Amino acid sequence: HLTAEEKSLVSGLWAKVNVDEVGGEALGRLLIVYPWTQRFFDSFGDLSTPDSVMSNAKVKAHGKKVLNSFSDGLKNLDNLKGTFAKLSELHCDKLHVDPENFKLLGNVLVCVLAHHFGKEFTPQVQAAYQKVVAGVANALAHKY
């Protein structure tokens, strides 16, 4: 339930997203800011400091998958349930990630967009992006 204005606010900014970096930054920050989230990422090698998190090649590559997945979500805002259904079962049934962490990651993503865009990440833009991440987090959590 984003408005048309909100759709173009989101798309407007998203087109400017550094797709190679932003996902990794958001994931790195999640891992740093909420350290229990590292439990899911033992195969990722060194996450022992912020600097290793932020230089972790796999965090960067996987963060890029997470970002593309968001992009996926932005192209299917009228069907996030379907778009995220298998990832929902992945996260819930294989990975056992508590859904609260989807919200945190969404919000860290928002922090990273704010960081990257500054004044352009207006309260309105953020508002639109908050619906997207809520929609994504809810779509991901909809498999329990």
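The numbering used is simple: start at 1 and walk along the sequence shown.
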Note to self: Mean Cα B factor from the PDB record: higher for 66-74, or higher for 53-61?
What the structure shows: 66-74
Next item on the list: Could you tell me which third, lowest, middle or highest, the C-alpha B-factor of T83 occupies within its chain?
Entry: middle
Next item on the list: Determine, from the deposited record, the chain-internal third of the Cα B-factor for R39: lowest, middle or highest.
Entry: lowest
Next item on the list: Compare the C-alpha B factor of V136 with those of the other modelled residues in its chain, then answer lowest, middle or highest third.
Entry: middle
Next item on the list: Could you say whether, by C-alpha temperature factor, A15 belongs to the lowest, middle or highest third of its chain?
Entry: middle
Next item on the list: Rank-wise, by C-alpha B-factor, drop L95 into the lowest, middle or highest third of its chain.
Entry: highest
